[PDB]
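In: give me a model of this one.
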Amino acid sequence: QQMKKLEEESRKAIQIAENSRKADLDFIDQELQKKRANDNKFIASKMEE
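Out: Numbering: from 1, shown residues only. Okay, here it is:
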């Protein structure tokens, strides 16, 4: 039954760590994709007047 709590320990060792660290990455991806949009807009916005 320890071995059972252990299979659960993996689930309780938190596969959600995926989701937690992922959330931190979802944030960096907005910083990144915001910037990607801005890389194309930084080019577009700086010219021509």
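In: show me the strands in this protein, by range?
Out: Taking DSSP state E to define them, one finds no strands in the chain.
In: for residue 15, see how far away the residue nearest in space to the middle of the chain is.
Out: Residue closest to the average C-alpha location in the chain (CA atoms, centre = their mean): residue 25, at 1.8 Å. For residue 25, the distance to residue 15 (CB to CB, to the nearest Å) stands at 16 Å. C-beta here means a position set from N, CA and C on the backbone, and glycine is covered the same way.
In: show me where this structure has helices.
Out: Shown for the chain, the helices assigned by DSSP state H span residues 2-11, 17-45.
In: which residues does the residue nearest to the centre of the chain contact?
Out: Residues near residue 25 by CB atoms under 8 Å, 6 or more residues apart in numbering: none.
In: distance of it from residue 31?
Out: 10 Å.
In: check residue 42 too.
Out: Residue 42 sits 15 Å away from residue 31, taking CB to CB as the criterion.
In: one more: residue 48?
Out: According to CB to CB, residue 48 and residue 31 sit 28 Å apart.
In: the two: who's more crowded?
Out: A direct count of neighbours by other CB atoms under 10 Å for residue 48 and residue 31 places residue 31 higher, at 8 against 5.
In: burial of residue 2, as a residue count?
Out: 6.
In: now do residue 6
Out: For residue 6, the neighbour count with other CB under 10 Å is 11.
In: spit out the contact partners of it.
Out: Contacts of residue 6 (CB under 8 Å, 6+ apart): none.
In: list the buried residues in stretch 4-12.
Out: By neighbour count with 16 or more other CB atoms under 10 Å, stretch 4-12 contains no buried residues.
In: pull the CA atoms of it into CSV?
Out: Below are the C-alpha coordinates for stretch 4-12, written out as CSV (Å, rounded to 0.1, in the frame of the first residue of the first chain):
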residue,chain,number,x,y,z
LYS,A,4,0.3,2.5,-4.0
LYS,A,5,0.7,5.8,-2.1
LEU,A,6,4.0,6.0,-4.1
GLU,A,7,2.2,5.7,-7.5
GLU,A,8,0.0,8.4,-6.1
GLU,A,9,3.2,10.2,-4.8
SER,A,10,4.1,10.8,-8.4
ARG,A,11,0.7,12.3,-9.0
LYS,A,12,1.2,14.1,-5.6
